[PDB]
file final-v5.cif (mmCIF, C-alpha atoms and all ligand atoms)
data_protein
loop_
_atom_site.label_atom_id
_atom_site.label_comp_id
_atom_site.auth_asym_id
_atom_site.auth_seq_id
_atom_site.Cartn_x
_atom_site.Cartn_y
_atom_site.Cartn_z
CA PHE S 2 0.00 0.00 0.00
CA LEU S 3 1.42 3.35 -1.08
CA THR S 4 0.62 6.49 0.87
CA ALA S 5 -0.21 9.62 -1.11
CA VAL S 6 1.96 12.71 -0.86
CA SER S 7 -1.18 14.83 -0.30
CA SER S 8 -2.10 12.81 2.81
CA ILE S 9 0.09 15.12 4.92
CA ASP S 10 0.21 18.91 4.94
CA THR S 11 3.88 19.43 4.07
CA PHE S 12 3.67 19.49 0.27
CA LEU S 13 0.19 20.95 -0.19
CA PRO S 14 1.49 24.45 -1.01
CA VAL S 15 3.61 23.26 -3.91
CA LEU S 16 1.06 20.70 -5.09
CA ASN S 17 -1.44 23.58 -5.25
CA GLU S 18 1.05 25.25 -7.66
CA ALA S 19 2.09 22.27 -9.80
CA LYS S 20 1.05 19.64 -12.27
CA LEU S 21 2.92 16.34 -12.54
CA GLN S 22 4.43 15.09 -15.80
CA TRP S 23 4.92 11.34 -15.88
CA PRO S 24 6.44 9.44 -17.66
CA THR S 25 7.04 12.16 -20.31
CA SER S 26 6.40 15.89 -20.65
CA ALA S 27 3.17 15.41 -22.61
CA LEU S 28 1.44 13.09 -20.06
CA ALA S 29 0.31 15.05 -17.00
CA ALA S 30 -1.86 15.01 -13.90
CA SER S 31 -3.35 18.29 -12.76
CA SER S 32 -2.85 20.14 -9.49
CA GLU S 33 -6.38 19.17 -8.47
CA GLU S 34 -5.53 15.51 -9.11
CA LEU S 35 -2.36 15.80 -7.02
CA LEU S 36 -4.25 17.44 -4.16
CA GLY S 37 -6.92 14.76 -4.54
CA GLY S 38 -4.60 11.91 -3.57
CA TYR S 39 -2.67 11.04 -6.73
CA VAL S 40 -0.29 8.23 -5.87
CA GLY S 41 1.73 5.51 -7.56
CA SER S 42 5.14 3.90 -7.48
CA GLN S 43 6.38 6.92 -9.46
CA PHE S 44 5.19 9.45 -6.84
CA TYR S 45 4.42 8.51 -3.24
CA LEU S 46 5.10 9.46 0.37
CA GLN S 47 8.13 7.49 1.56
CA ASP S 48 8.79 6.94 5.27
CA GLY S 49 5.95 9.27 6.17
CA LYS S 50 7.80 12.40 5.05
CA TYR S 51 9.43 12.22 1.60
CA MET S 52 7.78 13.15 -1.67
CA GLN S 53 9.60 10.47 -3.66
CA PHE S 54 9.92 10.44 -7.45
CA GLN S 55 10.91 7.36 -9.47
CA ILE S 56 11.47 7.02 -13.22
CA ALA S 57 13.30 4.74 -15.66
CA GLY S 58 14.13 5.27 -19.32
CA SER S 59 16.12 7.72 -21.40
CA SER S 60 14.83 11.27 -20.96
CA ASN S 61 11.71 10.09 -19.13
CA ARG S 62 10.58 12.04 -16.10
CA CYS S 63 8.38 12.19 -13.06
CA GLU S 64 8.47 15.91 -12.51
CA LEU S 65 6.39 18.74 -11.10
CA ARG S 66 5.83 21.75 -13.37
CA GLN S 67 5.01 25.14 -11.86
CA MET S 68 1.41 26.33 -12.18
CA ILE S 69 -0.53 29.38 -11.08
CA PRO S 70 -1.94 28.57 -7.61
CA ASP S 71 -5.42 27.28 -6.85
CA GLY S 72 -6.42 25.59 -10.08
CA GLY S 73 -4.62 28.10 -12.28
CA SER S 74 -3.10 27.60 -15.69
CA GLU S 75 0.55 27.21 -16.68
CA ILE S 76 2.83 29.87 -15.34
CA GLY S 77 5.29 31.75 -17.50
CA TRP S 78 7.57 34.39 -16.00
CA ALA S 79 10.64 36.26 -17.20
CA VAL S 80 14.10 36.58 -15.72
CA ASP S 81 13.82 40.35 -16.21
CA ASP S 82 10.24 40.97 -15.08
CA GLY S 83 11.49 42.71 -11.91
CA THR S 84 10.12 40.04 -9.57
CA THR S 85 12.26 37.62 -7.59
CA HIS S 86 11.47 34.01 -8.48
CA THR S 87 12.60 31.57 -5.80
CA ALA S 88 12.47 27.81 -5.50
CA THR S 89 13.49 26.02 -2.31
CA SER S 90 13.85 22.36 -1.51
CA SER S 91 15.34 19.79 0.81
CA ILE S 92 16.39 16.63 -1.05
CA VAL S 93 17.77 13.24 -0.12
CA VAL S 94 19.50 11.80 -3.16
CA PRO S 95 19.93 8.09 -2.35
CA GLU S 96 22.48 5.89 -4.06
CA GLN S 97 21.47 5.62 -7.70
CA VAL S 98 21.37 2.17 -9.24
CA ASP S 99 23.69 1.07 -12.02
CA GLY S 100 22.71 2.54 -15.33
CA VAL S 101 21.52 5.85 -13.89
CA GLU S 102 24.10 8.45 -14.95
CA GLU S 103 22.48 11.85 -14.39
CA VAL S 104 19.19 12.87 -12.77
CA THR S 105 17.86 16.40 -13.07
CA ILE S 106 16.16 17.29 -9.78
CA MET S 107 15.31 21.01 -10.16
CA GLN S 108 14.99 23.20 -13.24
CA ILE S 109 14.05 26.49 -14.75
CA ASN S 110 12.53 25.69 -18.17
CA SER S 111 10.79 27.65 -20.91
CA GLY S 112 9.19 27.35 -24.29
CA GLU S 113 12.69 28.01 -25.68
CA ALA S 114 14.56 25.31 -23.57
CA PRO S 115 16.15 24.71 -20.10
CA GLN S 116 17.72 27.81 -18.59
CA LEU S 117 18.91 25.88 -15.56
CA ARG S 118 19.20 22.26 -14.54
CA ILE S 119 20.38 21.12 -11.13
CA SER S 120 21.34 17.47 -11.49
CA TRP S 121 22.97 14.60 -9.73
CA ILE S 122 25.89 13.31 -11.85
CA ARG S 123 27.72 9.98 -11.44
CA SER S 124 31.09 11.19 -12.78
CA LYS S 125 32.32 14.27 -14.65
CA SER S 126 35.37 16.45 -15.04
CA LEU S 127 34.72 20.20 -14.84
CA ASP S 128 37.42 22.79 -15.54
CA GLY S 129 40.14 20.15 -15.26
CA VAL S 130 38.92 18.65 -11.96
CA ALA S 131 37.32 15.21 -11.69
CA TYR S 132 34.21 14.95 -9.54
CA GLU S 133 32.19 11.88 -8.60
CA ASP S 134 28.70 11.37 -7.20
CA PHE S 135 27.86 15.05 -7.04
CA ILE S 136 25.33 17.79 -7.68
CA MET S 137 25.89 20.11 -10.66
CA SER S 138 24.28 23.19 -12.15
CA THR S 139 23.99 23.61 -15.92
CA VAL S 140 22.97 27.09 -17.12
CA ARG S 141 22.27 27.78 -20.78
CA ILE S 142 23.91 30.92 -22.21
CA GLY S 143 23.30 30.10 -25.90
CA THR S 144 21.03 27.88 -27.95
CA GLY S 145 23.69 25.68 -29.54
CA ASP S 146 24.43 22.13 -28.48
CA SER S 147 28.17 22.41 -27.84
CA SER S 148 29.36 22.79 -24.28
CA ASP S 149 30.24 26.46 -24.95
CA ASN S 150 26.49 27.11 -24.70
CA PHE S 151 26.45 26.21 -21.00
CA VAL S 152 28.03 27.15 -17.70
CA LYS S 153 28.48 24.00 -15.61
CA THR S 154 29.41 24.17 -11.92
CA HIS S 155 30.15 21.64 -9.21
CA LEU S 156 27.78 22.56 -6.39
CA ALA S 157 28.34 19.86 -3.76
CA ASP S 158 29.19 16.22 -3.41
CA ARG S 159 26.14 14.07 -2.70
CA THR S 160 25.46 13.81 1.03
CA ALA S 161 24.02 11.02 3.10
CA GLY S 162 21.44 13.36 4.63
CA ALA S 163 19.00 15.89 3.26
CA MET S 164 20.55 18.70 1.24
CA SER S 165 18.86 22.09 0.99
CA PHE S 166 18.63 24.12 -2.21
CA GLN S 167 17.56 27.65 -3.01
CA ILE S 168 17.37 29.04 -6.54
CA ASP S 169 16.88 32.81 -6.81
CA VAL S 170 16.31 34.70 -10.08
CA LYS S 171 16.13 38.50 -9.96
CA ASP S 172 16.95 41.10 -12.61
CA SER S 173 18.46 38.63 -15.07
CA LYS S 174 20.79 37.13 -12.45
CA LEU S 175 20.86 33.70 -10.81
CA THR S 176 22.04 32.69 -7.34
CA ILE S 177 22.13 29.08 -6.12
CA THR S 178 22.56 28.14 -2.45
CA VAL S 179 23.18 24.55 -1.31
CA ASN S 180 23.08 23.59 2.37
CA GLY S 181 23.03 27.30 3.13
CA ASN S 182 26.24 27.95 1.17
CA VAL S 183 26.28 30.10 -1.94
CA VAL S 184 27.65 28.05 -4.82
CA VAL S 185 26.69 30.38 -7.73
CA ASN S 186 26.21 34.15 -7.36
CA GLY S 187 25.04 36.57 -9.98
CA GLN S 188 25.21 34.25 -12.98
CA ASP S 189 24.02 36.27 -15.94
CA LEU S 190 20.74 35.24 -17.57
CA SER S 191 20.30 38.16 -19.92
CA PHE S 192 20.34 35.78 -22.87
CA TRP S 193 16.94 34.72 -21.62
CA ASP S 194 15.75 38.35 -21.35
CA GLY S 195 12.30 38.71 -22.86
CA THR S 196 11.56 34.96 -22.78
CA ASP S 197 8.25 35.31 -20.91
CA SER S 198 7.57 31.55 -20.62
CA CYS S 199 9.90 30.43 -17.81
CA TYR S 200 8.81 28.18 -14.96
CA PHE S 201 10.26 26.03 -12.21
CA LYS S 202 10.29 22.23 -12.22
CA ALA S 203 11.41 19.63 -9.70
CA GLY S 204 11.42 15.87 -9.35
CA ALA S 205 13.37 13.31 -11.34
CA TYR S 206 14.28 13.70 -15.02
CA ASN S 207 16.53 10.85 -16.16
CA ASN S 208 19.33 11.96 -18.48
CA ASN S 209 21.43 9.67 -20.68
CA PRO S 210 21.08 6.42 -18.71
CA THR S 211 23.05 3.39 -19.84
CA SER S 212 20.18 1.03 -18.99
CA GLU S 213 16.58 1.71 -19.96
CA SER S 214 15.22 -0.23 -16.96
CA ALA S 215 17.35 1.44 -14.26
CA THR S 216 15.05 3.49 -12.04
CA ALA S 217 16.21 6.90 -10.85
CA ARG S 218 14.89 7.77 -7.39
CA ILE S 219 14.88 11.15 -5.63
CA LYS S 220 13.32 12.09 -2.26
CA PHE S 221 12.06 15.57 -1.36
CA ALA S 222 11.60 16.51 2.30
CA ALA S 223 10.45 20.00 1.23
CA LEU S 224 9.70 21.89 -1.98
CA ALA S 225 8.21 25.30 -2.61
CA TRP S 226 8.22 28.03 -5.21
CA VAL S 227 7.35 31.67 -4.63
CA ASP S 228 7.42 35.13 -6.15
CA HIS S 229 8.35 38.16 -4.06
CA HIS S 230 7.94 41.72 -5.40
NA NA S 301 16.41 6.16 0.65
#

call {"tool": "encode", "arguments": {"input": "final-v5.cif", "output": "structure tokens", "more": "lines below"}}
Ligand code: NA
result
Amino acid sequence: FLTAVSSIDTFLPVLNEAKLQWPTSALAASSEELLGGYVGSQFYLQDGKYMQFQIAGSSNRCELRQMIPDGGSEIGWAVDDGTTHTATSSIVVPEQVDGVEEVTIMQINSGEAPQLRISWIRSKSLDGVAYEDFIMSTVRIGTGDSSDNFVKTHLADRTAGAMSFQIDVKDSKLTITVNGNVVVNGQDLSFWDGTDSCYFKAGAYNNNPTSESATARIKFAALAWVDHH
């Protein structure tokens, strides 16, 4: 028997401002459905406190997508609209099974592609330094596919316990805080200026796995998104 995330109070604020995409972007459950007890192996309350996401398959996802609160439609904001857009979370990333290589756990996306992904990564060298089993940010600064179109940053090695995140966007600049420590400050987003279709996402988005059956698994102890100003 799986317990629904909405059976406790902790995640109601974000569920009231989200729809769930599972197992792909085009297949979704509404905010009302989430608040109404949506549950399954892909999305359930683990150990009485974690909103847990599970997904297998290349580029499949089980992921919340920001909505206007209280039965509203899809949100679309701009990095330069003068408001501060903030997402917060507390995440336990457990050991990922063999075949899972990268799992995107928070994003800023838009109708013109992902501005930001925060992802767990099994192994990668960044700026000449090898990192393993860690959390990375990937920020798009161009629309090409080569790595020159991104800024990639090691944020933190994966921890045994819950890890907090805060993403702040204000006046075309991005700050990321992990476990209370600033890990990116003032990253320029002015390439996305004018793109009025941005929104937060969070959950599990499985990137470039080496097995199609390997199930990514991510646990949220907290998640919220807000505007201030
Ligand atoms: Na676990």

call {"tool": "closest_atom_pairs", "arguments": {"input": "final-v5.cif", "of": "chain S", "to": "ligand NA 301 (chain S)", "cutoff": "8 Å", "atoms": "only C-alpha atoms and all ligand atoms", "output": "Markdown table"}}
result
| residue | atom | partner | partner_atom | distance |
| --- | --- | --- | --- | --- |
| S:93 | CA | S:NA301 | NA | 7.3 |
| S:94 | CA | S:NA301 | NA | 7.5 |
| S:95 | CA | S:NA301 | NA | 5.0 |
| S:96 | CA | S:NA301 | NA | 7.7 |
| S:220 | CA | S:NA301 | NA | 7.3 |

call {"tool": "residues_around", "arguments": {"input": "final-v5.cif", "residues": "residue 198 of chain S", "least_positions_apart": "6", "cutoff": "8 Å", "atoms": "all atoms listed in the file", "output": "compact mmCIF listing (two decimals) with C-alpha atoms, in the frame of the given file"}}
result
# COMPACT_ATOMS: atom_id res chain seq x y z
CA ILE S 76 2.83 29.87 -15.34
CA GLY S 77 5.29 31.75 -17.50
CA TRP S 78 7.57 34.39 -16.00
CA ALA S 79 10.64 36.26 -17.20
CA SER S 111 10.79 27.65 -20.91
CA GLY S 112 9.19 27.35 -24.29

call {"tool": "residues_around", "arguments": {"input": "final-v5.cif", "residues": "residue 173 of chain S", "least_positions_apart": "3", "cutoff": "10 Å", "atoms": "only C-alpha atoms", "output": "PyMOL selection string"}}
result
chain S and resi 79-83+85+170+187-195

call {"tool": "atom_distance", "arguments": {"input": "final-v5.cif", "atom1": "atom CA of residue 137 of chain S", "atom2": "atom CA of residue 47 of chain S"}}
result
25.0 Å

call {"tool": "residues_around", "arguments": {"input": "final-v5.cif", "residues": "segment 50-61 of chain S", "least_positions_apart": "4", "cutoff": "6 Å", "atoms": "all atoms listed in the file", "output": "number ranges by chain"}}
result
S: 6, 24-25, 43-46, 204-205, 207-210, 213-222

call {"tool": "atom_distance", "arguments": {"input": "final-v5.cif", "atom1": "atom CA of residue 143 of chain S", "atom2": "atom CA of residue 122 of chain S"}}
result
22.0 Å

call {"tool": "build_atoms", "arguments": {"input": "final-v5.cif", "residues": "segment 2-25 of chain S", "atoms": "N, CA, C and O atoms", "output": "short mmCIF file (atom, residue, chain, number, x, y, z; two decimals), in the frame of the given file"}}
result
data_model
loop_
_atom_site.label_atom_id
_atom_site.label_comp_id
_atom_site.auth_asym_id
_atom_site.auth_seq_id
_atom_site.Cartn_x
_atom_site.Cartn_y
_atom_site.Cartn_z
N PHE S 2 0.85 -1.22 0.00
CA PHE S 2 0.00 0.00 0.00
C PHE S 2 0.87 1.25 0.00
O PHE S 2 1.72 1.42 0.88
N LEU S 3 0.66 2.12 -0.98
CA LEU S 3 1.42 3.35 -1.08
C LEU S 3 0.60 4.50 -0.53
O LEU S 3 -0.58 4.65 -0.85
N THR S 4 1.24 5.32 0.29
CA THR S 4 0.62 6.49 0.87
C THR S 4 0.81 7.70 -0.04
O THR S 4 1.90 7.93 -0.56
N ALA S 5 -0.26 8.46 -0.24
CA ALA S 5 -0.21 9.62 -1.11
C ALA S 5 0.53 10.79 -0.47
O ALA S 5 0.40 11.06 0.73
N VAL S 6 1.26 11.51 -1.31
CA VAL S 6 1.96 12.71 -0.86
C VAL S 6 1.00 13.71 -0.23
O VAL S 6 1.33 14.34 0.78
N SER S 7 -0.20 13.87 -0.80
CA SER S 7 -1.18 14.83 -0.30
C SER S 7 -1.83 14.41 1.01
O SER S 7 -2.64 15.18 1.54
N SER S 8 -1.49 13.25 1.56
CA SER S 8 -2.10 12.81 2.81
C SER S 8 -1.56 13.54 4.02
O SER S 8 -2.15 13.44 5.10
N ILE S 9 -0.45 14.26 3.88
CA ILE S 9 0.09 15.12 4.92
C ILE S 9 0.03 16.56 4.43
O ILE S 9 -0.29 16.83 3.27
N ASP S 10 0.33 17.50 5.32
CA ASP S 10 0.21 18.91 4.94
C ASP S 10 1.45 19.47 4.25
O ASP S 10 1.35 20.50 3.58
N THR S 11 2.59 18.80 4.37
CA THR S 11 3.88 19.43 4.07
C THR S 11 3.98 19.93 2.64
O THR S 11 4.56 21.00 2.40
N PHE S 12 3.48 19.17 1.68
CA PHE S 12 3.67 19.49 0.27
C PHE S 12 2.44 20.12 -0.35
O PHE S 12 2.45 20.41 -1.54
N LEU S 13 1.38 20.37 0.42
CA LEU S 13 0.19 20.95 -0.19
C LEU S 13 0.48 22.28 -0.88
O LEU S 13 -0.09 22.52 -1.95
N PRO S 14 1.30 23.17 -0.33
CA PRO S 14 1.49 24.45 -1.01
C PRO S 14 2.06 24.29 -2.40
O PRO S 14 1.56 24.91 -3.34
N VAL S 15 3.06 23.43 -2.58
CA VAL S 15 3.61 23.26 -3.91
C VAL S 15 2.68 22.46 -4.80
O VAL S 15 2.57 22.73 -6.00
N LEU S 16 1.99 21.45 -4.25
CA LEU S 16 1.06 20.70 -5.09
C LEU S 16 -0.06 21.58 -5.60
O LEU S 16 -0.58 21.36 -6.70
N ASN S 17 -0.45 22.59 -4.83
CA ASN S 17 -1.44 23.58 -5.25
C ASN S 17 -0.91 24.50 -6.34
O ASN S 17 -1.68 25.30 -6.87
N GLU S 18 0.38 24.42 -6.66
CA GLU S 18 1.05 25.25 -7.66
C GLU S 18 1.85 24.37 -8.61
O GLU S 18 2.92 24.77 -9.09
N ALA S 19 1.35 23.18 -8.94
CA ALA S 19 2.09 22.27 -9.80
C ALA S 19 1.14 21.31 -10.49
O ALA S 19 0.09 20.95 -9.95
N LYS S 20 1.56 20.86 -11.67
CA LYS S 20 1.05 19.64 -12.27
C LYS S 20 2.21 18.66 -12.37
O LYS S 20 3.37 19.06 -12.27
N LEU S 21 1.91 17.38 -12.48
CA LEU S 21 2.92 16.34 -12.54
C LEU S 21 2.99 15.75 -13.94
O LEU S 21 1.98 15.28 -14.46
N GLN S 22 4.17 15.75 -14.53
CA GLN S 22 4.43 15.09 -15.80
C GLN S 22 5.05 13.74 -15.53
O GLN S 22 6.05 13.64 -14.81
N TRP S 23 4.45 12.70 -16.09
CA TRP S 23 4.92 11.34 -15.88
C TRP S 23 4.25 10.44 -16.91
O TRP S 23 3.02 10.44 -17.00
N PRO S 24 4.99 9.61 -17.66
CA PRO S 24 6.44 9.44 -17.66
C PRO S 24 7.17 10.34 -18.66
O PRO S 24 8.39 10.23 -18.81
N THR S 25 6.45 11.21 -19.37
CA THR S 25 7.04 12.16 -20.31
C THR S 25 6.36 13.51 -20.13
O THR S 25 5.33 13.62 -19.47
#
